[PDB]
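Here Cβ is always computed from backbone atoms with ideal geometry, including for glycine, and neighbour counts include all displayed protein chains. Quick note: the coordinates plus some simple rules give every number you see, no bench work behind them.
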């Protein structure tokens with residue numbers, strides 16, 4: 001097994017992290033708009 | 001640097017003049033999570049914040065530093 | 001020369017209407033703002049953006065003002 | 001980033017290329033990770049005149065104070 | 001400390017010698033107790049020219065700190 | 001012809017209370033040499049689908065995402081401060097057709113294609129109708145533009161040189177700036 | 001010798017643009033009279049043998065031991081919080 | 001509490017790190033504090049009860 005192992009055996013990049021904590025939000029959809037405040 | 005040997009009042013006044021917190025807060029900005037901690041978690045209103053963000057914008061990203 | 005399209009008068013009501021599905025971690029998510037205006041010989045209720053309510057709060061617009 | 005401990009000046013090199021590239025809209029440039037350790041001491045050979053030192057001390061810019 | 005009653009000016013001299021042994025090394029300067037009484041009163045005479053009163057009100061930038 | 005500078009001045013314009021005669025003559029000499037700079041840019045033309053804008057409480061730190069589409073693809077971009085400032089001026093409302101220049105940072109609303117029924121009493125994009133663009137979303141283009149040497153010295157002189165290009169408050173630029181600009 | 005003011009100017013150096021001639025002459029006159037003041041200060045000049053720093057998780061209370069010496073003596077000092085801050089800055 | 005020199009009773013400015021004896025100046029440290037025998041430092045510290 002050792003002689004057979006030695007002789008025969010010897011992608012999309014991820015996006016940036018998006019951190020929006022304690023911050024307001026404006027969303028503009030096709031049908032309705034939002035304003036998430038505090 | 002101006003130094004006077006044997007007095008802490010001159011050092012305190014010099015450190016107050018060089019790093020005046022009102023001006024140094026005016027020429028910068030508070031972090032967003034800190035602002036969320038002041039306004040929501042602590043009950044401080046928006047108008048009671050110190051005035052921030054008075055620094056003028058540079059022309060480019062390349063013009064913002066000497067390095 | 002220019003043309004101006006304006007809406008002016010005394011405020012009758014000022015209601016920020018909430019959304020059907022508010023988002024978590026937030027508070028009073030607004031879908032639109034209903035403002036009613038009154039002037040000489042005319043009243044009219046409006047339907048506004050969610051954004052202008054921030055300007056209403058910054059300009060300190062209470063009830064009864066013009 | 002690049003923090004110079006002599007004066008406290010910080011240079012933003014740009015986004016790291018370990019993450020995605022084409023999803024931006026602000027004409028940024030992408031730089032790999034710097035070789036060697038985080039803390040470094042390097043030797044830069046500089047040429048200067050005495051008038052440069054005179055105008056640097058006459059109009060003080062470079063510190064982090066007011 | 002040093003408090004002037006008429007002007008409200010407050011001056012700090014430093015910590016006292018009774019608290020000089022709270023640490024072996026400290027950055028505070030240590031002064032002895034004042035020998036005289038706490039309250040002192042004194043009659044003084046001030047001489048001011050009219051140009052002093054003119055220049056004390058004609059500052060274009062504004063007032064200055066003490 | 002165009003793209004060749006022609007600085008025509010009279011003789012009495014040299015004498016000034018802010019600049020010396022040599023400095024004014026140096027600026028008049030340096031206004032007559034053009035630098036033609038070639039740049040690479042990316043043009044994006046697509047229908048706006050989704051706009052998410054996250055701002056701080058004081059309105060200082062602004063970031064967000066923009067989902068844009070054409071008839072063939074679908075792309076989500078990350079936005080900076082200047083791009084959100086461009087979007088907030090002459091407001092786009094999720095269904096318009098806009099144009100994007102990466103190197104110039106220009107926002108140009110071509111029009112509106114969605115034709116929404118429900119519209120708030122204010123706003124109102126009686127923008128001319130336009131079809132949704134098709135094909136490639138992103139296209140590369142080589143652009144060229146001319147600047148003068150004097151504008152380069154005024155811009156590199158201090159922090160706010162672009163204002164001094166119009167106000168004329170460029171008082172006695174030092175020689176080291178001109179040597180470094182010549183070398184660059 | 002040294003310690004005695006000597007102001008050597010030229011005749012063409014007082015025709016200024018921000019100062020009058022009499023004001024420049026007054027400054028050149030008053031640059032040549034000095035005040036001699038003697039004062040005393042106390043200093044600790046020594047060679048650092050060992051610095052021991054005890055720190056908390058949140059940085060509330062700091063403890064410090066400083067073994068410092070000359071070629072003649074040797075001593076150990078307990079350090080307060082502001083001396084800990086002044087020794088961390090300008091790293092000794 | 002005030003700190004005093006263990007040998008002379010004067011104002012103690014320094015403390016030796018080996019035997020923990022407060023001393024006054026350099027020559028007190030050289031003549032007494034350094035070459036002292038063991039068993040003497042505990043008796044010096046017995047007066048203020050520091051052993």
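Values computed for the structure shown
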| quantity | calculated |
| --- | --- |
| The lone exception for residue D:13 - which of (1) in a loop (DSSP other than H, G, I, E, B); (2) within 9 Å of another protein chain (Cβ to nearest Cβ) it fails | (2) |
| Residue ID - nearest to the chain's Cα centre (by Cα), chosen from residues in segment B:41-63 that are surrounded by 12 or more Cβ atoms within 10 Å (Cβ to Cβ) and assigned to a loop (DSSP other than H, G, I, E, B) | B:52 |
| Residues that are part of a loop (DSSP other than H, G, I, E, B) and more than 20 Å from residue E:26 (Cα to Cα), drawn from segment B:1-40 | B:1, B:2, B:19, B:20, B:27, B:28, B:29, B:30, B:31 |
| Index of the failed condition, residue D:26 passing every other in (1) touching a helix residue (DSSP H, G or I) at 6+ places or on another chain (Cβ under 9 Å); (2) more than 13 Å from chain B (Cβ to nearest Cβ) | (2) |
| Extreme residue, surrounded by the fewest Cβ atoms within 10 Å (Cβ to Cβ), among residues of segment G:67-81 that are touching a strand residue (DSSP E or B) at 6+ places or on another chain (Cβ under 6 Å) and within 8 Å of another protein chain (Cβ to nearest Cβ) | G:67 |
| Residue in segment E:30-52 that is touching a helix residue (DSSP H, G or I) at 6+ places or on another chain (Cβ under 9 Å) and within 12 Å of another protein chain (Cβ to nearest Cβ) present | yes |
| Qualifying residue in segment G:52-59 (condition: within 14 Å of chain H (Cβ to nearest Cβ), surrounded by fewer than 13 Cβ atoms within 10 Å (Cβ to Cβ) and more than 24 Å from residue B:12 (Cβ to Cβ)) | yes |
| Tally, over segment E:19-66, of residues that are within 24 Å of residue E:2 (Cα to Cα) and surrounded by 10 or more Cβ atoms within 10 Å (Cβ to Cβ) | 11 |
| Given (1) more than 18 Å from residue B:66 (Cα to Cα); (2) in a helix (DSSP H, G or I), index of the condition residue D:53 fails | (1) |
| Residue satisfying condition, being exposed (fewer than 10 other Cβ atoms within 10 Å of the Cβ) and in contact with a helix residue (DSSP H, G or I) (Cβ under 8 Å, 6 or more places away or on another chain), within set G:42, G:13 | G:13 |
| Condition met for residue F:181 (in contact with a strand residue (DSSP E or B) (Cβ under 8 Å, 6 or more places away or on another chain) and in a helix (DSSP H, G or I)) | no |
